[PDB]
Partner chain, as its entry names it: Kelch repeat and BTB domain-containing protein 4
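Before any questions on how it binds or moves, here is one chain, the form deposited without its partner chain, in structure tokens.
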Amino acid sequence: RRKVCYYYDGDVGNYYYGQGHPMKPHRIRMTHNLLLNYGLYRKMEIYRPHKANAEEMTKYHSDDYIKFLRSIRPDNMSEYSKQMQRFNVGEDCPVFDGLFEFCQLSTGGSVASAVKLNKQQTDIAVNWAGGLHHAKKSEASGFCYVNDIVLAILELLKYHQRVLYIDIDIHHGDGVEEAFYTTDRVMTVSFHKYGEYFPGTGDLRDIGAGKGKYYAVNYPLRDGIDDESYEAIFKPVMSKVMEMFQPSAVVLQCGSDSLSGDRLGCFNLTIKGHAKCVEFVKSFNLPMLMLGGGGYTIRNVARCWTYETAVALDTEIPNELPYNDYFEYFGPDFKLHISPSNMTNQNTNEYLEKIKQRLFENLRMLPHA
């Protein structure tokens, strides 16, 4: 059975974005606590990631974007206002106390696990703090300041010719896409809601450019998608991806906002259907890197990543939640699993197949034998 390495720093759950803000880092601590009491913690190698310094953050980002982040505080907030508009820090991505340290733990976790993967000393590596995918080279976007994923992939490109990136988050993984838009060494596959949604990119015709053309897969979706709809479009596509792109390391972003009843999301997926992706990816027996991402009904976020870690260890956990410090968070029921809502699935079979066939064509454009 595959060996799993888990990355966590106790501080992460105590950083706070701001009043009224949906992104609540505490959800990682909740997962952590459940993992202990479900007895999964016990079963995997646990590491504390050391802070990631400006040195390795600039291996992708601007020397003066990181320098801005390292310097910006709620103190000098009225002093920096010029640079705050240039980097998009202040509203969409707010300034808060500890902000940079939060980026250091998120990035450190991803990098340390990538090294761990390259060093061939683990089969799976997990970092629920990371997976922040909207961050660009010179600006913060959609609650993401430092794209830990890119840096994680850049380290994997040192030992792996072809790195596959899969992104389940409801929002289009544009950061990881844009960062690798002109390369054939990294394929980015994304499944997201499209149409009056964020980040406004990743439509059918989003294919890439230059050497990177035909290497940026995208599956635009409407509201209310089922586990059943999702599975029947996820497996066929990924099988073809593995068949064509032939990767030697996978990086799966397990964004939890594609779950049913999400505060920001509008899909109708259960933990079980969401995990079926993790399980399916796991089945290809490739050095795997599981990261977090969005997720804004935190009860479920904790449920989701707890379960998906059990998937990496392929052990069985009961629906009965074990007692923990936040046990009382979990409704009147105290169960692990959520069921789907009465929400209507606007993704008709004709629509999904129309897109599926266009993507199969785009994938056929790659070299093979």
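Residue numbers count along the first chain shown, from 1.
Missing here is the form solved in complex with its partner chain; even so, the following discussion is about that form.
(request) Could you work out which of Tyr214, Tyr80, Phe143, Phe280 is the residue within 4.5 angstroms of its partner chain in the entry with it bound, going by heavy atoms? (result) Comparing distances to its partner chain in the entry with it bound, the residue within 4.5 Å is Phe143.
(message) Can you pick out, from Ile72, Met244, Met84, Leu264, the residue that has a heavy atom within 4.5 Å of its partner chain in the entry with it bound?
(response) Comparing distances to its partner chain in the entry with it bound, the residue within 4.5 Å is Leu264.
(message) Looking at heavy atoms inside 4.5 Å, which stretch does its partner chain contact in the entry with it bound, given the options 193 to 201, 284 to 292, 226 to 234, 124 to 132?
(response) Every other range fails; the passing one is 193 to 201.
(request) Report yes if any heavy atom of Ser341 sits within 4.5 Å of a heavy atom of its partner chain in the entry with it bound; otherwise report no. (result) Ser341: contacts its partner chain in the entry with it bound.
(message) Quick check on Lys240: any heavy atom within 4.5 Å of its partner chain in the entry with it bound?
(response) Flag for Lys240 set to no.
(message) How about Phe360 - does it come within 4.5 Å of its partner chain in the entry with it bound, if we only consider non-hydrogen atoms?
(response) Residue-level check for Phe360: no, no contact with its partner chain.
(request) Answer for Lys276 alone: is it within 4.5 Å of its partner chain in the entry with it bound, judged on heavy atom distances? (result) Because no heavy atom of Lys276 falls inside 4.5 Å of its partner chain in the entry with it bound, the answer is no.
(request) For the heavy atom contacts within 4.5 Å of its partner chain in the entry with it bound, list the residues of 155 to 180 involved, in sequence order. (result) Read in sequence order, the lone residue that approaches its partner chain (within 4.5 Å, in the entry with it bound) is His171.
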